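Asker: Sharing a structure here in structure tokens format.
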Protein chains: 4
Amino acid sequence: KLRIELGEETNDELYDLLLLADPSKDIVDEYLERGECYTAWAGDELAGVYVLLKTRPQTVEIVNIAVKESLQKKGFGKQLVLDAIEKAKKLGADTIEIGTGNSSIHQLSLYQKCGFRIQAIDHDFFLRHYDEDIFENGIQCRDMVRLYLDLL
Amino acid sequence: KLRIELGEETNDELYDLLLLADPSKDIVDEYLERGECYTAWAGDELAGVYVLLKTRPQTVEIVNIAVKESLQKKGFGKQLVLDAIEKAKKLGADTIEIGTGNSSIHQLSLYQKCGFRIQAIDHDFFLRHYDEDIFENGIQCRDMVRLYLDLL
Amino acid sequence: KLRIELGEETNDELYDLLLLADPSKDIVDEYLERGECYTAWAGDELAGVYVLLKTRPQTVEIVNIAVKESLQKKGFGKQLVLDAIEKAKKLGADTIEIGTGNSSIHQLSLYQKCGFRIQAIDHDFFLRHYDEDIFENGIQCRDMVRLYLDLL
Amino acid sequence: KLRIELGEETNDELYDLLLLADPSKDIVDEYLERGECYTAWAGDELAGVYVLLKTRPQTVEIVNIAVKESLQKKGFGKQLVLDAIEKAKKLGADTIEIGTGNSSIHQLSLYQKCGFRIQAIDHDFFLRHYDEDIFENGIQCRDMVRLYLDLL
Ligand SMILES: CC(C)(COP(=O)(O)OP(=O)(O)OC[C@H]1O[C@@H](n2cnc3c(N)ncnc32)[C@H](O)[C@@H]1OP(=O)(O)O)[C@@H](O)C(=O)NCCC(=O)NCCS
Ligand SMILES: CC(C)(COP(=O)(O)OP(=O)(O)OC[C@H]1O[C@@H](n2cnc3c(N)ncnc32)[C@H](O)[C@@H]1OP(=O)(O)O)[C@@H](O)C(=O)NCCC(=O)NCCS
Ligand SMILES: CC(C)(COP(=O)(O)OP(=O)(O)OC[C@H]1O[C@@H](n2cnc3c(N)ncnc32)[C@H](O)[C@@H]1OP(=O)(O)O)[C@@H](O)C(=O)NCCC(=O)NCCS
Ligand SMILES: CC(C)(COP(=O)(O)OP(=O)(O)OC[C@H]1O[C@@H](n2cnc3c(N)ncnc32)[C@H](O)[C@@H]1OP(=O)(O)O)[C@@H](O)C(=O)NCCC(=O)NCCS
């Protein structure tokens, strides 16, 4: 359904989504440039977005993925993930990664449903990389769950 | 609410619950003996059950926990977990553990809500310890998520 | 070479070894009882010792292993490890574990040489379970390296 | 002691070092370009070399480091690592990574001595990414030990 295409021009409407995932606009711009940003449109409305950054050799990661609140929960999330996997294949990558907070129960499900498997956990991650205490779904988000998926 | 008390007598009604979690009745009997089995009643009806087995030094694990299907989703799950943590405290244990399949999204939430933090993952676990392919919530259950919780 | 046999009687000479690995005599006694303690003699002299404790279901761990300083570095270490693996086999265990501090470079080698593979890391472990700062080989020992080895 | 400076010209003498670490010349060229390659000279002789590749956002990794065999073991190894950490700081990175095979006991020590801490293990890594069986120090190298180090 969703029509996804490459992106090169960032505007307030787009930053709104990218900022839903990564609050720090600074860090966003870093990988937004060094990485590939794709935008998904549903007609004329900006549905969602996701960035593919290249990390370790032969390894690529989804450094950011988001869907407009008024349009999420409709299945666009899964479409983007499954799509990022395809862009990653044509990129010749061997393994694709992505990670979120231990509190993000929903995502922990979604990603796995798209083939991702949990690799390891970066303990105290959010504790040392953030000033305040992040909370979500009655859980203290303080660990970075790392997931991966081999393409072969 | 739920009234939990020690258990020493196993009967079909009880095995029904223990088998909800661990299918293998053999393995169950092993830790059922070497471990402490508690039963929770809601009046005269057998609500749920859970076993506390001692693993590493100063470490105890919830090798099994279940709640009657016709009574689960009412909050008894959380009560048992929170209760097992108390039995574990009086047992002088330093850390308490518990782990489930990566597909068990619901549990991954519950346990964390009771303080548990994800430790590490036992990759391909269910692949080598089971013959068939376990599936749940549209996810291929094949990894053993290990969680823990220090008591101090 | 080393002659290893079951043990049931603890004496100062034996505690000296067990305490080389685990300083806390209290914790030692715990698993010393609940676990199986084997002693290795080289003639009439107490060469070394090791304890096999049963942790998770079908899983056994070497909660302690040591060799008299005046006799270590002669290869008795490896013999005990390889021996504990055999006792573990006859015990019908599926997997055997053992872990040490990230600073224990020597052991990280030894164990792997006996088939052990690194599983996961318990970050900050020694930080929360000990009062002082442990140091060894110019490394700040603060992480618990968990290793395992399937028996099949 | 060692004089380290940026590099842009690759010659047989340099590839000799880079290939000591990563045999695959192909993969080397990939990160050799997308990454920053520094060379360390001890007078007029090419002492060693190391490459800083940028992986995850705010994260940089030492994708390759080596020292001329006839000059290693003199402490140049440590100098390069400690130097890569400084180049990484001025690069504004938050965390720096580096990983080697579980068999590389020597490095497991070196890196830790430079502040690196073991993060997680990529099981069966070398089994699926290499055709032959790698061996070293009487150990079957088949796991990728991942280390990291926060810069703040
Ligand atoms: C993460 C995100 C992109 C994906 O969004 P999404 O639209 O919410 O998720 P989807 O609707 O596409 O998920 C589909 C799965 O979840 C399940 N699901 C749908 N509604 C559900 C509900 N109410 N409760 C539990 N599961 C549900 C479905 O089973 C579906 O799987 P299926 O296709 O196999 O049937 C969106 O939540 C978001 O952008 N959030 C804010 C930013 C963020 O967290 N970014 C990522 C960090 S880098
Ligand atoms: C996993 C298990 C132990 C926990 O049981 P549970 O009672 O079913 O789960 P809970 O009710 O406690 O779960 C919490 C949910 O119920 C809801 N809830 C809590 N109190 C409630 C109440 N008084 N009334 C209605 N709903 C309530 C919450 O909304 C919560 O969901 P949320 O986290 O999304 O907000 C039980 O599901 C089970 O034994 N299942 C099968 C066996 C198995 O797979 N075992 C493996 C472990 S060894
Ligand atoms: C770790 C320990 C169990 C193993 O004992 P060990 O007998 O002393 O060690 P080994 O002799 O088998 O060790 C092999 C090393 O000695 C060297 N060595 C020298 N001569 C040797 C010989 N003739 N045969 C075998 N190794 C020899 C090797 O270089 C080898 O190095 P490597 O491990 O890097 O490969 C023992 O050192 C000990 O108990 N130390 C203190 C307590 C402790 O750390 N306990 C474990 C905590 S759970
Ligand atoms: C990794 C490498 C660059 C560094 O080389 P190096 O010169 O051999 O190592 P160094 O001499 O500089 O190491 C010094 C540290 O290790 C320690 N060390 C020395 N001998 C040791 C031993 N036998 N066992 C454990 N530690 C030892 C020292 O403590 C020293 O630290 P210190 O000064 O604080 O006391 C070199 O080994 C190499 O190029 N190897 C092959 C390629 C490879 O595998 N590269 C990495 C893949 S990413």
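Our numbering is plain: 1 for the first residue shown, then up by one each step along the chain.
Here the Cβ of each residue, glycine as well, is placed from N, Cα and C on the backbone.
As annotated in Swiss-Prot:
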DOMAIN    C:2-151  domain 'N-acetyltransferase'
BINDING   C:65-67, C:73-78, C:107-113  CoA binding site
Asker: Rank the binding-site residues C:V67, C:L108, C:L110 by how many other Cβ atoms lie within 10 Å of each Cβ and give me the one with the fewest.
Answerer: C:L110
Asker: Out of C:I65, C:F76, C:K78, C:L108, C:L110, which binding-site residues have CB atoms lying under 6 Å from ligand 3?
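Answerer: Only C:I65, C:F76, C:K78, C:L110 qualify.
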Asker: DSSP-wise, what's the residue breakdown of the domain 'N-acetyltransferase' (C:2-151) into helix, strand and coil?
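Answerer: Tallied per class, the domain 'N-acetyltransferase' (C:2-151) gives 52 helix, 56 strand, 42 coil.
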Asker: So how many other Cβ atoms are close to C:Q112 (CoA binding site), meaning within 10 Å of its Cβ?
Answerer: 23
Asker: Return the count of C-beta atoms lying within 10 angstroms of the C-beta of C:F76 (CoA binding site), excluding that atom itself.
Answerer: 21
Asker: Name the binding-site residues, out of C:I65, C:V67, C:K74, C:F76, C:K78, C:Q112, that lie close to chain A, meaning a Cβ-Cβ distance under 8 Å, keeping sequence order and answering 'none' if none do.
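Answerer: Of C:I65, C:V67, C:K74, C:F76, C:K78, C:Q112, none lie near chain A.
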Asker: Near chain D: which of the binding-site residues C:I65, C:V67, C:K74, C:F76, C:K78, C:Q112 have their Cβ closer than 8 Å to one of its Cβ atoms?
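Answerer: Contact set vs D: C:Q112.
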Asker: Taking the Cβ of C:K78 (CoA binding site) as the centre, count every other Cβ atom within 10 Å, in any protein chain shown.
Answerer: 14
Asker: Given the binding-site residues C:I65, C:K74, which one has the fewest other C-beta atoms within 10 angstroms of its C-beta?
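Answerer: Minimum Cβ neighbour count within 10 Å, taken over the binding-site residues C:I65, C:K74, occurs at C:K74.
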